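Text of my_file.cif, listed as mmCIF, C-alpha atoms; chains and numbers go by the auth columns:
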data_data
#
loop_
_atom_site.group_PDB
_atom_site.id
_atom_site.type_symbol
_atom_site.label_atom_id
_atom_site.label_comp_id
_atom_site.label_asym_id
_atom_site.label_seq_id
_atom_site.Cartn_x
_atom_site.Cartn_y
_atom_site.Cartn_z
_atom_site.B_iso_or_equiv
_atom_site.auth_seq_id
_atom_site.auth_asym_id
ATOM 1 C CA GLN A 1 23.751 22.374 -27.134 0.00 102 F
ATOM 2 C CA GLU A 2 20.101 23.404 -26.835 0.00 103 F
ATOM 3 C CA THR A 3 18.844 20.263 -28.596 0.00 104 F
ATOM 4 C CA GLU A 4 20.788 18.167 -26.088 0.00 105 F
ATOM 5 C CA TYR A 5 19.331 20.343 -23.320 0.00 106 F
ATOM 6 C CA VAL A 6 15.753 19.781 -24.494 0.00 107 F
ATOM 7 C CA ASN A 7 16.353 16.043 -24.931 0.00 108 F
ATOM 8 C CA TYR A 8 17.837 15.839 -21.425 0.00 109 F
ATOM 9 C CA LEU A 9 14.730 17.670 -20.219 0.00 110 F
ATOM 10 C CA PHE A 10 12.535 15.093 -21.977 0.00 111 F
ATOM 11 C CA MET A 11 14.269 12.092 -20.388 0.00 112 F
ATOM 12 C CA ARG A 12 15.037 11.566 -16.689 0.00 113 F
ATOM 13 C CA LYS A 13 13.519 14.911 -15.680 0.00 114 F
ATOM 14 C CA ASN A 14 9.712 14.500 -15.396 0.00 115 F
ATOM 15 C CA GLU A 15 8.262 11.116 -14.326 0.00 116 F
ATOM 16 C CA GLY A 16 9.707 9.440 -17.414 0.00 117 F
ATOM 17 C CA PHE A 17 7.570 8.624 -20.447 0.00 118 F
ATOM 18 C CA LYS A 18 4.240 8.893 -18.599 0.00 119 F
ATOM 19 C CA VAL A 19 3.663 12.452 -19.847 0.00 120 F
ATOM 20 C CA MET A 20 4.599 11.684 -23.457 0.00 121 F
ATOM 21 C CA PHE A 21 2.311 8.630 -23.491 0.00 122 F
ATOM 22 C CA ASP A 22 -0.646 10.304 -21.792 0.00 123 F
ATOM 23 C CA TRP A 23 -0.081 12.760 -24.644 0.00 124 F
ATOM 24 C CA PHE A 24 -1.538 10.285 -27.129 0.00 125 F
ATOM 25 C CA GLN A 25 -3.867 8.723 -24.547 0.00 126 F
ATOM 26 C CA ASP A 26 -5.571 12.112 -24.173 0.00 127 F
ATOM 27 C CA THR A 27 -5.330 13.495 -27.703 0.00 128 F
ATOM 28 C CA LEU A 28 -6.804 10.386 -29.349 0.00 129 F
ATOM 29 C CA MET A 29 -10.055 10.213 -27.335 0.00 130 F
ATOM 30 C CA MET A 30 -10.595 13.455 -25.384 0.00 131 F
ATOM 31 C CA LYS A 31 -9.148 15.358 -28.415 0.00 132 F
ATOM 32 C CA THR A 32 -6.376 17.287 -26.610 0.00 133 F
ATOM 33 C CA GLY A 33 -3.322 16.690 -24.457 0.00 134 F
ATOM 34 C CA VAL A 34 -2.266 19.667 -22.327 0.00 135 F
ATOM 35 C CA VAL A 35 0.651 19.756 -19.879 0.00 136 F
ATOM 36 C CA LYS A 36 1.534 22.336 -17.247 0.00 137 F
ATOM 37 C CA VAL A 37 5.119 23.591 -17.520 0.00 138 F
ATOM 38 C CA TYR A 38 6.082 25.584 -14.422 0.00 139 F
ATOM 39 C CA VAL A 39 9.402 26.482 -12.799 0.00 140 F
ATOM 40 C CA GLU A 40 10.005 25.660 -9.131 0.00 141 F
ATOM 41 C CA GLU A 41 12.864 25.923 -6.648 0.00 142 F
ATOM 42 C CA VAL A 42 15.260 23.274 -5.334 0.00 143 F
ATOM 43 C CA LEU A 43 17.335 22.975 -2.172 0.00 144 F
ATOM 44 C CA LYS A 44 19.759 20.828 -0.098 0.00 145 F
ATOM 45 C CA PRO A 45 22.738 23.186 0.298 0.00 146 F
ATOM 46 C CA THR A 46 25.271 22.857 3.117 0.00 147 F
ATOM 47 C CA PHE A 47 23.384 22.224 6.354 0.00 148 F
ATOM 48 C CA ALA B 1 9.358 -7.569 -35.653 0.00 455 V
ATOM 49 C CA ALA B 2 8.214 -4.014 -36.375 0.00 456 V
ATOM 50 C CA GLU B 3 8.788 -2.712 -32.835 0.00 457 V
ATOM 51 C CA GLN B 4 6.802 -5.235 -30.817 0.00 458 V
ATOM 52 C CA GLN B 5 4.708 -3.662 -28.052 0.00 459 V
ATOM 53 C CA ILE B 6 6.237 -6.037 -25.482 0.00 460 V
ATOM 54 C CA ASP B 7 9.279 -3.753 -25.410 0.00 461 V
ATOM 55 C CA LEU B 8 7.142 -0.778 -24.356 0.00 462 V
ATOM 56 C CA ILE B 9 5.272 -2.941 -21.845 0.00 463 V
ATOM 57 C CA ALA B 10 8.568 -3.879 -20.211 0.00 464 V
ATOM 58 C CA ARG B 11 9.737 -0.260 -20.479 0.00 465 V
ATOM 59 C CA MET B 12 6.724 1.137 -18.627 0.00 466 V
ATOM 60 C CA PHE B 13 7.278 -1.680 -16.141 0.00 467 V
ATOM 61 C CA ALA B 14 10.796 -0.289 -15.693 0.00 468 V
ATOM 62 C CA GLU B 15 9.672 3.286 -15.045 0.00 469 V
ATOM 63 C CA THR B 16 7.087 1.960 -12.586 0.00 470 V
ATOM 64 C CA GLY B 17 9.785 -0.025 -10.776 0.00 471 V
ATOM 65 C CA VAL B 18 11.821 3.179 -10.696 0.00 472 V
ATOM 66 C CA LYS B 19 9.649 4.201 -7.741 0.00 473 V
ATOM 67 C CA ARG B 20 10.392 1.031 -5.770 0.00 474 V
ATOM 68 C CA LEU B 21 14.077 1.461 -6.591 0.00 475 V
ATOM 69 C CA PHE B 22 13.930 5.026 -5.249 0.00 476 V
ATOM 70 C CA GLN B 23 12.331 3.637 -2.090 0.00 477 V
ATOM 71 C CA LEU B 24 15.331 1.316 -1.920 0.00 478 V
ATOM 72 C CA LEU B 25 17.549 4.400 -2.266 0.00 479 V
ATOM 73 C CA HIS B 26 15.842 6.005 0.721 0.00 480 V
ATOM 74 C CA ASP B 27 16.399 2.747 2.605 0.00 481 V
ATOM 75 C CA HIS B 28 20.120 2.840 1.765 0.00 482 V
ATOM 76 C CA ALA B 29 20.275 6.463 2.890 0.00 483 V
ATOM 77 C CA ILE B 30 18.609 5.482 6.162 0.00 484 V
ATOM 78 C CA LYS B 31 20.558 2.340 7.113 0.00 485 V
ATOM 79 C CA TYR B 32 21.938 -0.928 5.774 0.00 486 V
ATOM 80 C CA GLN B 33 25.468 -1.739 7.023 0.00 487 V
ATOM 81 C CA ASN B 34 29.150 -0.904 6.570 0.00 488 V
ATOM 82 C CA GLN B 35 29.467 -3.823 4.134 0.00 489 V
ATOM 83 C CA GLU B 36 30.864 -3.971 0.591 0.00 490 V
ATOM 84 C CA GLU B 37 30.220 -5.576 -2.783 0.00 491 V
ATOM 85 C CA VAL B 38 31.355 -8.785 -4.486 0.00 492 V
ATOM 86 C CA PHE B 39 31.427 -7.515 -8.078 0.00 493 V
ATOM 87 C CA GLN B 40 34.813 -8.585 -9.496 0.00 494 V
ATOM 88 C CA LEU B 41 36.456 -7.451 -6.245 0.00 495 V
ATOM 89 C CA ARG B 42 36.100 -7.589 -2.485 0.00 496 V
ATOM 90 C CA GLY B 43 35.514 -4.135 -1.051 0.00 497 V
ATOM 91 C CA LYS B 44 33.476 -1.137 -2.179 0.00 498 V
ATOM 92 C CA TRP B 45 32.164 1.998 -0.522 0.00 499 V
ATOM 93 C CA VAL B 46 29.530 1.952 2.213 0.00 500 V
ATOM 94 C CA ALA B 47 26.052 3.010 1.077 0.00 501 V
ATOM 95 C CA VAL B 48 24.861 4.215 4.495 0.00 502 V
ATOM 96 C CA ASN B 49 25.354 7.859 3.443 0.00 503 V
ATOM 97 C CA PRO B 50 25.512 8.107 -0.363 0.00 504 V
#
Let's see the structure in the file written out as structure tokens.
Amino acid sequence: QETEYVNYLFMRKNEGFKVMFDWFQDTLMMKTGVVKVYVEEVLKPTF
Amino acid sequence: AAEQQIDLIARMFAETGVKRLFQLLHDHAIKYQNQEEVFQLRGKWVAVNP
């Protein structure tokens, strides 16, 4: 269940594969790839 | 052929085109018509307010 949750977080939840590719693009030249991971709030209830 | 890079090039092209497709989604939400589709049938739901 949690592995499926983390995989579903990886795909179709944050700008696609751009983060996971800039991973290597940063860590291979600038020597580190760091990502901010912060929780935010969402909306569109009945209105 | 050992995971040719062309596949990733087309993939990143796809996630870039995701943005233009989302713009199309906003356009559908705004206004197209009360029309339908032609995929294997005549008549599908209106995409004015999906």
Quiz item: Quick one: which residues from chain V are at most 10 Å off chain F, using all atoms listed in the file, as a PyMOL selection string?
Solution: chain V and resi 465-466+468-470+472-473
Edge lengths and centre, in Å to one decimal, as JSON: that's what I need for the box along x, y and z that holds all listed atoms of range 469-480 of chain V plus 3 Å on each side.
{"center_x": 12.3, "center_y": 3.0, "center_z": -7.2, "size_x": 16.5, "size_y": 12.0, "size_z": 21.8}
Practice problem: Counting only C-alpha atoms, figure out which residue out of V:463, V:501, V:456, V:474 gets nearest to residue 488 in chain V. | Solution: V:501
Quick one: everything within 12 Å of residue 138 in chain F, counting all atoms listed in the file, minus sequence neighbours fewer than 3 positions away in the same chain. Send it as a PDB file with C-alpha atoms, in the frame of the given file.
ATOM      1  CA  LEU F 110      14.730  17.670 -20.219  1.00  0.00           C
ATOM      2  CA  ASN F 115       9.712  14.500 -15.396  1.00  0.00           C
ATOM      3  CA  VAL F 120       3.663  12.452 -19.847  1.00  0.00           C
ATOM      4  CA  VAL F 135      -2.266  19.667 -22.327  1.00  0.00           C
ATOM      5  CA  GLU F 141      10.005  25.660  -9.131  1.00  0.00           C
TER       6      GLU F 141
END
Quiz item: Excluding same-chain residues fewer than 3 positions from residue 498 in chain V, what lies within 8 Å of it counting all atoms listed in the file, as an NGL selection string?
Solution: :V and (489-491)
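For the pair CA of residue 500 in chain V and CA of residue 481 in chain V, the separation is 13.2 Å.
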Quiz item: Mind pulling up the distance from CA of residue 108 in chain F to CA of residue 136 in chain F?
Solution: 16.9 Å
Exercise. Taking the file as shown, find all residues satisfying the PyMOL selection byres ((chain V and resi 503) around 12) and write them as JSON, numbers by chain.
Key: {"V": [479, 480, 481, 482, 483, 484, 485, 486, 487, 488, 499, 500, 501, 502, 504]}
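Between CA of residue 130 in chain F and CA of residue 471 in chain V there is a distance of 27.8 Å.
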Where atoms are lacking, range 485-504 of chain V completed to N, CA, C and O atoms, as a tab-separated table (two decimals), keeping the file's coordinate frame:
chain	number	residue	atom	x	y	z
V	485	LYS	N	19.60	3.27	6.51
V	485	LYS	CA	20.56	2.34	7.11
V	485	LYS	C	20.58	0.97	6.45
V	485	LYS	O	19.53	0.33	6.32
V	486	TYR	N	21.75	0.50	6.01
V	486	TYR	CA	21.94	-0.93	5.77
V	486	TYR	C	23.05	-1.53	6.62
V	486	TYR	O	22.77	-2.36	7.49
V	487	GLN	N	24.30	-1.11	6.42
V	487	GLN	CA	25.47	-1.74	7.02
V	487	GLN	C	26.70	-1.03	6.48
V	487	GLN	O	26.62	-0.24	5.54
V	488	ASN	N	27.86	-1.35	7.07
V	488	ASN	CA	29.15	-0.90	6.57
V	488	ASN	C	29.79	-1.93	5.64
V	488	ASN	O	31.02	-2.01	5.56
V	489	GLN	N	28.98	-2.70	4.92
V	489	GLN	CA	29.47	-3.82	4.13
V	489	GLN	C	30.02	-3.33	2.80
V	489	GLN	O	30.22	-2.13	2.57
V	490	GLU	N	30.28	-4.27	1.89
V	490	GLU	CA	30.86	-3.97	0.59
V	490	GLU	C	30.17	-4.80	-0.48
V	490	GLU	O	29.12	-5.41	-0.24
V	491	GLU	N	30.76	-4.83	-1.66
V	491	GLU	CA	30.22	-5.58	-2.78
V	491	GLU	C	31.05	-6.83	-3.05
V	491	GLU	O	32.03	-7.12	-2.36
V	492	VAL	N	30.65	-7.58	-4.07
V	492	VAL	CA	31.36	-8.78	-4.49
V	492	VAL	C	31.57	-8.77	-5.99
V	492	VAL	O	31.91	-9.80	-6.59
V	493	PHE	N	31.38	-7.61	-6.62
V	493	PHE	CA	31.43	-7.52	-8.08
V	493	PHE	C	32.88	-7.38	-8.52
V	493	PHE	O	33.46	-6.29	-8.48
V	494	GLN	N	33.47	-8.51	-8.91
V	494	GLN	CA	34.81	-8.59	-9.50
V	494	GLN	C	35.90	-8.24	-8.49
V	494	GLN	O	37.09	-8.39	-8.78
V	495	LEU	N	35.51	-7.81	-7.29
V	495	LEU	CA	36.46	-7.45	-6.24
V	495	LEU	C	35.77	-7.62	-4.90
V	495	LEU	O	34.54	-7.64	-4.81
V	496	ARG	N	36.58	-7.74	-3.85
V	496	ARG	CA	36.10	-7.59	-2.48
V	496	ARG	C	36.38	-6.17	-2.03
V	496	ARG	O	37.54	-5.72	-2.04
V	497	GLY	N	35.33	-5.45	-1.63
V	497	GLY	CA	35.51	-4.14	-1.05
V	497	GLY	C	35.06	-2.98	-1.92
V	497	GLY	O	35.72	-2.65	-2.92
V	498	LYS	N	33.95	-2.36	-1.55
V	498	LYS	CA	33.48	-1.14	-2.18
V	498	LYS	C	32.87	-0.25	-1.10
V	498	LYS	O	32.72	-0.65	0.05
V	499	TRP	N	32.52	0.97	-1.49
V	499	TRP	CA	32.16	2.00	-0.52
V	499	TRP	C	30.85	1.66	0.18
V	499	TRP	O	29.98	0.97	-0.35
V	500	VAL	N	30.73	2.17	1.41
V	500	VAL	CA	29.53	1.95	2.21
V	500	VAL	C	28.41	2.85	1.71
V	500	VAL	O	28.62	4.04	1.44
V	501	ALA	N	27.21	2.28	1.57
V	501	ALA	CA	26.05	3.01	1.08
V	501	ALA	C	25.14	3.49	2.20
V	501	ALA	O	23.95	3.73	1.96
V	502	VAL	N	25.66	3.63	3.42
V	502	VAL	CA	24.86	4.22	4.50
V	502	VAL	C	24.53	5.67	4.19
V	502	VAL	O	23.40	6.12	4.38
V	503	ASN	N	25.51	6.43	3.71
V	503	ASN	CA	25.35	7.86	3.44
V	503	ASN	C	25.85	8.19	2.04
V	503	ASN	O	26.84	8.90	1.87
V	504	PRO	N	25.16	7.70	1.00
V	504	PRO	CA	25.51	8.11	-0.36
V	504	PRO	C	24.73	9.33	-0.79
V	504	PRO	O	23.95	9.89	-0.01
